[PDB]
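Trainee: Any chance you can model this:
(4 chains)
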Amino acid sequence: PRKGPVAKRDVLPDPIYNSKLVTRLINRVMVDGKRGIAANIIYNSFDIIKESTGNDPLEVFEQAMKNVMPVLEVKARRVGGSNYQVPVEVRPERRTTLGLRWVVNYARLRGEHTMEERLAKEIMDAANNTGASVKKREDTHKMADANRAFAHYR
Amino acid sequence: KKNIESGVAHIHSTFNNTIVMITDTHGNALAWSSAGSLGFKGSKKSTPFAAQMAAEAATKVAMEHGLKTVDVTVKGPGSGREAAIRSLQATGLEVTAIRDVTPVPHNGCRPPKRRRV
Amino acid sequence: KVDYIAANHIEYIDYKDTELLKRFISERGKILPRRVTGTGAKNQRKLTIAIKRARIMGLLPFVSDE
RNA sequence: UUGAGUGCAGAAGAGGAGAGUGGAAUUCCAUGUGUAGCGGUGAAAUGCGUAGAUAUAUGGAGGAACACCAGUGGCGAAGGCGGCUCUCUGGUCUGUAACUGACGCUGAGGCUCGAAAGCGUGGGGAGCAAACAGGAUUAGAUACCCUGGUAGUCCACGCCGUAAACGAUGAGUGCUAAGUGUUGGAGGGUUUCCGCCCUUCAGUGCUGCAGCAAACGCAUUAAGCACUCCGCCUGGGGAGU
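Mentor: Numbering: from 1, shown residues only, chains lettered A, B, ... in the order given. Pasting the structure now:
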């Protein structure tokens, strides 16, 4: 915080596919100390995904991910005390963080009255580069290098 | 056209702009570029990136007419003085001699006032 | 500690002995300060007067950069 | 004859006046190339540009200040003086000890000089810039920032007579520990000394002892010890009215 960086609390793998990413995604759906429900919508969404175009709940998942995880980011810094936003070389981990964040959040507004159809359709559309999360990453990369001229030698 | 293949390139960069013009040894004007033309604006035209792009948008056109070597003219105390030459040597040219000419008087002029901010 | 230029008992600069005079100009064509070339006190003056006379009759350049 | 001055022998200097002369730079002009911008800011705008701009190359014009040497260096009574060469011209310093024989010091009234700004008459005008205009920021901005611009800044002859004109330290002269650099000298040894070492004169800086000071500090360049001649002061405002 002020002294120095701090530890990071790694998670356990999943009890079905044994994936650190799967657990790290189940956690980012839970709301208010209620977990089992999140696991249930995860598994049901996974089965729905594998149903139409059965390849894997994991492989198409990573496809959608690499479609999303960005490579730059505007980092507002007042080196000149002004509204300088300098493109930053985003770290490895925060990339996955933002992947999951955009996925879940922006999928929450997809709008299937059904419980988990929202997620499944979202990642299936992302793996094929259709959907605003893909547009979100491309917008981040289009605002980065939109001003890399005066914000790079820093 | 006419494939002169022997000329000189001038560099002139203030605190707030940069220019590069490439002509022959005489030299009748051949090709030039500047961060002003490349779409950049104002508060950015003095950055060591605008130098790169101005240099490129000039050389990629000038070498068409036939040109391999060139001489380098460097006025303009600024901040693209470094990027410009290397960027010329990057897109395939033959920067060979480097002379720094900055106009220094023998004290016969009155500069303006100092600025109070 | 820097040896004086006039160990040879020279007296008259004569403003024409350009060989004798090249010891003190800059490789670019400027003048070199005493503390740099370790010269005398009254020698520093006549040197300059000589080379300034020379720089008019062409026996020396004003600018040698080109 | 020790103070003062003169003779004889040498030394340094942006000391002054007059007369010409050099290169670099900025700008205007002429021409060739050359295409859409230049310039400016914390951000922007005003502005110049397709009647060809900025850039770039060649030559021409004109006025002004003198890059590097440049140094707690030099000279002058102070204000001050820096491109080069010539004609006129003042002052200072060391040596010798020819010569006159106290001719000295200070100095109310008087006279001379006197930065910059300012006035008059006639020239000259490149940059820069009070006033002024436009653009911006601001609650307001007749200011700070930006783009233009007139007197002025320069030259000759007159005028005014003022600055924190400062070391805020009147002038003459003599005495009282040291150390350390530096400009110009004269002597003595070593000597290729013209590269060291020693003695001395004159300026010029830093540290420091007695002494002094209300402390801050000054200290052979006294703000110590003493004599001579001048100027000035006596609570703060009213007012240098």
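Trainee: can you list contacts of stretch A:98-118?
Mentor: Under the contact criterion CB atoms under 8 Å, 6 or more residues apart in numbering or on different chains, stretch A:98-118 has outside partners A:24-25, A:28-29, A:41-42, A:44-45, A:48, A:64-65, A:68-70, A:119, A:121-123, A:126, A:131-133, A:136-137. In this view, the C-beta of every residue, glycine as well, is placed from N, C-alpha and C.
Trainee: just the helices in the chain please.
Mentor: You didn't pick a chain, so chain A it is. A:20-26, A:36-51, A:59-66, A:92-108, A:117-126, A:132-143 (DSSP state H).
Trainee: you looked at the wrong chain, it should be chain C
Mentor: With DSSP H as the criterion, chain C has helices spanning C:18-21, C:34-37, C:43-54.
Trainee: May I see the buried residues of stretch B:77-88?
Mentor: Neighbour counts over stretch B:77-88 (16 or more other CB atoms under 10 Å in any protein chain shown) mark B:78-81, B:83-85, B:87-88 as buried.
Trainee: any idea how far that stretch is from the chain center?
Mentor: Its chain's C-alpha centre and that of stretch B:77-88 lie 8 Å apart, by CA atoms, centre = their mean, to the nearest Å.
Trainee: picking up where we left off before, PyMOL command to pick out the buried ones of the contacts of stretch A:98-118?
Mentor: The following PyMOL line selects those of those that are buried, judged by 16+ other CB under 10 Å:
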select buried, chain A and resi 24+25+29+41+42+44+45+48+64+65+68+69+70+119+121+122+123+126+131+132+133+136+137
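Trainee: ok, back up a step: quick one: closest of the helices of chain A to RNA strand D.
Mentor: Between RNA strand D and the helices of chain A, the tightest spacing by CB to the nearest atom of the strand is seen for helix A:132-143, at 18.6 Å.
Trainee: Now for the residue in chain B that RNA strand D sits nearest to, how many residues are close by?
Mentor: Going by CB to the nearest atom of the strand, RNA strand D is nearest to residue B:36 of chain B, at 1.8 Å. When neighbours are defined as other CB atoms under 10 Å in any protein chain shown, residue B:36 has 15 of them.
Trainee: coming back round to it: okay, the helices of chain A, which one's buried deepest?
Mentor: helix A:117-126 (a mean of 22; mean count of other CB atoms under 10 Å in any protein chain shown).
Trainee: circling back: and chain A, which of the buried residues of stretch B:77-88 reach it?
Mentor: Among the buried residues of stretch B:77-88, not one lies near chain A by CB under 8 Å from any CB of the partner chain.
Trainee: Next, the contact list for residue B:100, please.
Mentor: residue B:74.
Trainee: For it, name its beta-bridge partners.
Mentor: residue B:74 (DSSP bridges).
Trainee: For it, give its distance to residue C:66.
Mentor: As defined by CB to CB, to the nearest Å, residue B:100 lies at a distance of 12 Å from residue C:66.
Trainee: Residue A:16 too?
Mentor: On the measure of CB to CB, residue A:16 and residue C:66 end up 79 Å apart.
Trainee: Residue B:32 contacts residue B:12, doesn't it?
Mentor: No: counting by CB atoms under 8 Å, residue B:32 sits too far from residue B:12 to count as a contact (10.3 Å).
Trainee: higher neighbour count, these two?
Mentor: residue B:32 (18 against 15).
Trainee: quick revisit: pretty sure the residue of chain B closest to RNA strand D is touching residue B:14, no?
Mentor: No: if you go by CB under 8 Å, residue B:36 and residue B:14 don't touch, sitting 11.5 Å apart.
Trainee: For the closest residue to chain A within chain C, which non-adjacent residue is closest in space?
Mentor: Evaluated by CB to the nearest CB, chain C has residue C:65 as its residue closest to chain A, separated by 30.8 Å. With sequence-adjacent residues excluded and distances taken as CB to CB, 6 or more residues apart in numbering or on different chains, residue C:65 is closest to residue C:28, at 6.4 Å.
Trainee: burial measure for that neighbour, as a count.
Mentor: 9.
Trainee: Please tell me how far it sits from residue C:36.
Mentor: In terms of CB to CB, residue C:28 sits 14 Å off from residue C:36.
Trainee: again with residue C:2
Mentor: From residue C:2 to residue C:36 the distance is 9 Å (CB to CB).
Trainee: and if you look at residue A:148?
Mentor: Distance of residue A:148 to residue C:36, given as CB to CB: 46 Å.
Trainee: And residue C:43, by the same measure?
Mentor: 14 Å.
Trainee: So the two - more neighbours on which side?
Mentor: residue C:43 (15 against 11).
Trainee: residues in contact with the more buried one?
Mentor: Counted by CB under 8 Å, 6+ apart, residue C:43 has contacts C:4-6.
Trainee: cutoff 7 Å now
Mentor: Neighbouring residues of residue C:43 by CB atoms under 7 Å, 6 or more residues apart in numbering or on different chains: C:5-6.
Trainee: again, but for the one 3 residues further on
Mentor: Applying CB under 7 Å, 6+ apart to residue C:46 gives the contacts residue C:13.
Trainee: I appreciate the help and will end here.
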